[PDB]
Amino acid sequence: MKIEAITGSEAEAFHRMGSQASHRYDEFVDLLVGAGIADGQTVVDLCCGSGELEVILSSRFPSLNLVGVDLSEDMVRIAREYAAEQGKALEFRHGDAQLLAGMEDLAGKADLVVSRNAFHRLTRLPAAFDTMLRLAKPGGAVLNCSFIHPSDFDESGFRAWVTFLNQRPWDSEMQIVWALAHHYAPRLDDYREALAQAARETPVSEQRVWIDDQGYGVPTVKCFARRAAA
C-alpha cells in the first residue's frame, strides 16, 4: 500500500543504513550550499526522517537554527536519540509537511526550507510546496530533491536505477521500500505543476525544476524557488 510515513522496523532499518552512509547526503548538501546556506540561518527540514541531514548540517554550521519535521513518531524518536548519541542539541517535531499545523512559529521565518527523498511519498504535493513557501521568509529559498517515476528516466537513468537496486546488502526490507517509492513517485510534470500552484498563492521571484544525478546514484528531481521580496 502507498503509505506516507515510514514507521516501525522499516524506520529502524532506514536509520541503520542512513547513519552508516553519510556520503549519500553529499549531493543534497551541495545544493544547499548552492542555494546559499550559511551559519546562523533558520532552516526547516520537512520529512527529516532519522536526522542524518541535521547531524551533518549542524557539524558544518554549529549556529544554525535547525528544525526537523516528520510525520512518523518513530522517526522523531530515533532522530532525537541519534542527535543525542552524536552529542548535538537538535530540535525535531512531529508534523505533516502538507500542513502548517505545529509550525506556525516558523511561518515566514525560514531562510531555507528543504526536503530530501520524501516529497515523492506525499498524497498532496501542492500542499507541501504551499507549506514550504509559507515557512520561507521573504527572499528565503526552498529546495526539494526527491524521486521521479521511472517513466521519466532515459536509458542512462534507468541503468543507474537498476545498478542502485543491485547494491548489496540491503537492510531488512529497504530494497522494496526504495523501489516502491519509485513505483509510487510523481512524474516531472506533477512536480512542476505542484510548485507552480503553490507559487500562485505565495509569489516567487524565481522557480526552477529539473532532473539530474550529481552524486546520489540515480537521477532525482530538484525543485527550487525563491520567495519574492517584501
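Residue positions are given as counts along the sequence shown, with the first one as 1.
The mean C-alpha temperature factor is higher for 9-17 when 9-17 and 213-221 are set side by side. Higher mean CA temperature factor, per the PDB entry, when comparing 116-124 with 90-98: 90-98. Looking at 179, 162, 38, 44, the one whose CA carries the top B-factor in the deposited record is 38. Per the deposited record, 103 carries the highest C-alpha B-factor of all listed residues (103, 71, 79, 145). For residue 85, the recorded CA B-factor ranks within the highest third of the chain. Only modelled residues enter the ranking. Among the modelled residues of its chain, residue 59 has a C-alpha B-factor that falls in the highest third according to the deposited record. Compared with the other modelled residues of the chain, the Cα B-factor recorded for residue 187 ranks in the middle third. When all modelled residues of the chain are sorted by CA temperature factor, residue 171 is found within the middle third. Per-chain ranking of the deposited C-alpha B factor places residue 32 in the middle third.
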